[PDB]
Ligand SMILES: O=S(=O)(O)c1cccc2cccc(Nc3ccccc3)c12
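So this first bit is one chain, no partners, the form solved without 8-anilino-1-naphthalene sulfonate (2AN), shown in structure tokens.
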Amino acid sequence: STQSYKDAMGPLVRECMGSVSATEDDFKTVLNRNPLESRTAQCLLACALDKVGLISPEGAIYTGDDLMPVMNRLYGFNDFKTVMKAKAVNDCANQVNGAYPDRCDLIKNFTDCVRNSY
């Protein structure tokens, strides 16, 4: 759900603008869940996902039960295709975790994987 994502992520992304040298256009890209074409937008989302509780202390994307508070915060569970979003996020996290030493690259590949998932 587009607006619910924005409601949850907006404040965090805004805070992240203070620690990531991202542009105003990057802010929109991230809030709109558009492809993270710029390295700055990739880094901006990486910061906000850490803030929202999706990234472990060691830099891994959470999976399984650990993903659920995040899915709840972002989307709630009133829509069936959050069930479907949760499965894709889990599987994509498993696919990319440990494969990208650069944290922004990790998030670029994670979000592409999620976007590509039916």
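Quick note: we count residues from 1 along the sequence shown, nothing fancier.
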- Task: Going by the average Cα B-factor in the PDB entry, point out whether 94-102 or 14-22 comes out higher.
- Result: 94-102
- Check the entry's C-alpha temperature factors for 75-83 and 29-37, then say which stretch has the higher mean. 75-83
- Query: Once the chain's modelled residues are ordered by C-alpha B factor and cut into thirds, is residue 117 in the lowest, middle or highest one?
  - Reply: highest
- By the entry's values, the third containing the CA B factor of residue 88 is the highest
- Once the chain's modelled residues are ordered by C-alpha B factor and cut into thirds, is residue 1 in the lowest, middle or highest one? highest
- B-factor third for the C-alpha atom of residue 60 within its chain: highest
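The form solved in complex with 8-anilino-1-naphthalene sulfonate (2AN) is left out here; the points below concern that form.
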- Task: Answer with yes or no whether residue 89 is in contact with 8-anilino-1-naphthalene sulfonate (2AN) in the deposited complex, where contact means some heavy atom within 4.5 Å.
- Result: yes
- Task: Would you check, heavy atoms only and a 4.5 Å threshold, whether residue 93 touches 8-anilino-1-naphthalene sulfonate (2AN) in the deposited complex?
- Result: no
- Task: Look up in the deposited complex whether residue 60 has a non-hydrogen atom within 4.5 angstroms of 8-anilino-1-naphthalene sulfonate (2AN), and give yes or no.
- Result: no
- Item | Non-hydrogen atom contact residue 85 with 8-anilino-1-naphthalene sulfonate (2AN) in the deposited complex at 4.5 angstroms | yes
- Would you confirm whether the three residues 17, 22 and 51 all fall within 4.5 Å of 8-anilino-1-naphthalene sulfonate (2AN) in the deposited complex, going by non-hydrogen atoms? no
